[PDB]
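# A look at the structure
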Amino acid sequence: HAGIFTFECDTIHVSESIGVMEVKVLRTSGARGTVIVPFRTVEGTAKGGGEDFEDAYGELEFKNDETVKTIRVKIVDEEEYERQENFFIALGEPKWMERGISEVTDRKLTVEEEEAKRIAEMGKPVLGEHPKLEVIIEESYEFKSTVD
């Protein structure tokens with residue numbers, strides 16, 4: 001089926017002065033056909049709108065080999081700030097556009113295919129385990145790893 005969409009990490013740090021933050025959006029080997037996937041900026045504690053960041057929402061087209069893509073969110077810079085800002089970017093709904101999934105008005109098939117081919121023709125993608133990345137606007141970053 002059309003692949004699971006998820007981000008690389010659950011937690012990231014930027015600073016305003018980065019200009020624009022990016023998350024890489026991955027797609028599993030379910031990458032059969034083209035799927036379009038929206039995203040949008042979601043503050044946790046922030047002012048939002050155009051005020052600690054610009055609300056950055058759009059759609060990303062993911063084709064077969066294209067199973068790596070990115071989301072850009074411009075950060076606004078005001079400096080000398082006494083407060084940590086926090087936001088994340090969540091995905092909307094992945095939708096298959098290479099196919100045209102529609103109602104089964106007629107698909108005369110064999111018995112096995114009556115469900116099996118029908119389900120395969122719906123091909124519906126879904127979100128994954130980490131379809132969001134939490135960003136903290138703060139000095140520098142912290143990172144760790146374990147296991148080979």
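On to the overall build of the chain, then. From N to C terminus, the chain includes one helix and nine strands. Listed by position from the N terminus, the elements making up the chain come as β-β-β-β-β-β-β-β-α-β. The globule rule puts the C-alpha radius of gyration for 148 residues at 15 Å, and the 19 Å found for the chain is more than 25% above it. If you line up the chain on its principal axes, its C-alpha atoms span 70 × 40 × 25 Å. Pairs at least 24 residues apart make up 77% of the contacts formed inside the chain by residues separated by at least 6 positions.

Glancing now at the pattern of salt bridges. When their charged atoms lie close together, side chains carrying opposite charge are able to pair. All told, the structure shown has 16 salt bridges when counted by the stated rule. The shortest N-O distance in the salt bridge between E8 and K24 comes to 2.8 Å. Taken together, the residues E8 in the loop between β1 (5-7) and β2 (11-14) and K24 in strand β3 (residues 20-27) connect sequence positions 16 residues apart. Between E142 and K144 there is a salt bridge, with its nearest N and O atoms 2.8 Å apart.

Taken in spatial order, the three strands line up as β1-β3-β6 in an open sheet, and their pairing is antiparallel. The open sheet has two edge strands, β1 and β6 (68-74), and neither has a second partner. Averaged over neighbouring strand pairs, the angle between their axes works out to 30° when direction is ignored. In this structure, β3 lies alongside β6, joined through seven bridges in antiparallel fashion. When the bridges of β6 are listed, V20 appears paired with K74.

Attention now goes to the side chain of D52. Along the chain, the position of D52 falls in the loop between β4 (35-45) and β5 (58-62). An unpaired buried charge is present at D52: no salt bridge exists, and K47, the closest side chain of opposite charge, is 5.9 Å distant. Apart from the residues lying within four places of it in its own chain, the contact partners of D52 are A46, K47, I75, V76, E85 and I137.

With that settled, consider the pairing of β4. Inspection of the sheet shows β4 paired to β5 by five bridges, in the antiparallel sense. Across the sheet, the residue bridging to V35 is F62, located in β5. Bridging between β4 and strand β8 (residues 95-96) involves two bridges; their strand directions are antiparallel. Following the sheet pairing, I36 is matched in β8 by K95.

Okay, the environment of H13 next. Examined against the element boundaries, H13 turns out to sit in strand β2. Its relative accessible area of 28% is what places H13 among the partly exposed residues. Taking the C-alpha atoms as reference, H13 lies 9.5 Å from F143; in sequence the two are 130 residues apart. Aside from chain neighbours lying at most four places away, what touches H13 is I136, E138, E139, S140 and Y141.

So, how was this worked out
- Each chain carries its own residue count, beginning from 1 and running in the order its sequence is written; this scheme need not agree with the entry numbering, and residues with no coordinates do not appear.
- The side-chain values count all of the structure's non-hydrogen atoms but skip hydrogen atoms and water molecules.
- Put simply, DSSP H or I for four residues or longer makes a helix, DSSP E for two residues or longer makes a strand, and each gets a number counted from the N terminus.
- Restricting the calculation to C-alpha atoms gives the radius of gyration, and the globule rule supplies 2.2 Å times the number of residues raised to the power 0.38.
- Only heavy atoms enter the contact rule, under which two residues are in contact if any of them lie within 4.5 Å.
- In the sections that follow, a salt bridge refers to a side-chain nitrogen of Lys or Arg positioned within 4 Å of a carboxyl oxygen of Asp or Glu.
- By this definition, two strands are paired if DSSP reports at least two bridges between them.
- As a rule, the C-alpha atoms of each element are fitted with a line to give its axis, helices using only the stretch in contact, and angles between N-to-C directions run from 0 to 180 degrees.
- Note on classification: 1.4 Å probe, protein chains only; a residue is buried when its accessible area is under 20% of the maximum for its type, exposed when over 50%, partly exposed between these limits.
- Positive charge is attributed to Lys and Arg, negative charge to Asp and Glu, and no charge count is given to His or to the chain ends.

The values are spatial; any link to function lies outside them.
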